[PDB]
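Single chain ahead, by itself, as structure tokens, in the form solved without this ligand.
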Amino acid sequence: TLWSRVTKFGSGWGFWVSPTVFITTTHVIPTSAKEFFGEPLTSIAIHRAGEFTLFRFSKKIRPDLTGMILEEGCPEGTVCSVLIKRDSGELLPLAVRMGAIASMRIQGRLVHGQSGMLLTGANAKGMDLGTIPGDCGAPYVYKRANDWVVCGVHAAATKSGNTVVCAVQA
């Protein structure tokens, strides 16, 4: 299942692309650490691009997994799924219609990534129909031919929880 790749990390979540590759949102990462998942920070490559961070481990941390396709966002009009895990034990896949890459003003801060709008729309008044701040690092995925593609990580949302930003690679 895709869902066993979504992992609690720092102040949010991350996603196992492969046995050695983990992606997350830069702001959720601990600022004090000597190891992650039992490997010394000494042995980990860190590639940061604004709110997107990729970790490459020097041994197989998740040898139960196959490697997946990671791409720099997706075409406009693609309906992605954001794979949200909650501390409650809920799994909440939500449909997101994707638009252009932009630098957007979101609750008083500038965030660069792929814009999206949830298909739940109008509102939520309902934590099960929108994102909350704790959800940052959740992956954006879609099916293409036979394959799941991951195309970024949850970086920010407006107060409704219904306009979102997907941070992307490079």
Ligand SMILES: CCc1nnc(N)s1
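Superpose the two forms; the largest set of C-alphas matching within 1.5 Å is the rigid core. Residue numbers run from 1 along the displayed sequence.
- In this entry, 115-123 shows the higher mean Cα temperature factor of the pair 102-110 and 115-123.
- Comparing the deposited coordinates for 60-68 and 23-31, the stretch with the larger average C-alpha B-factor is 60-68.
- Highest C-alpha temperature factor among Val141, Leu54, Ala145, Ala138, as the PDB entry reports it: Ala145.
- Sort the modelled residues of the chain by CA B factor and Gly12 lands in the lowest third.
- When the modelled residues of the chain are ordered by C-alpha B-factor, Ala155 sits in the lowest third.
- Per the PDB record, residue ranking by Cα B-factor puts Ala167 in the middle third of the chain.
We do not show the form solved in complex with this ligand, though everything after this point is about it.
- Among heavy atoms of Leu91, some come within 4.5 Å of this ligand in the bound PDB entry.
- The partner is not shown here, and in the bound PDB entry the stretch 108-137 never reaches within 4.5 angstroms of this ligand through any heavy atom.
- Measuring CA movement between the shown form and the other one with the rigid core aligned, the set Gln107, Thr42, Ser58, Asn123 has one residue at 2 Å or more: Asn123.
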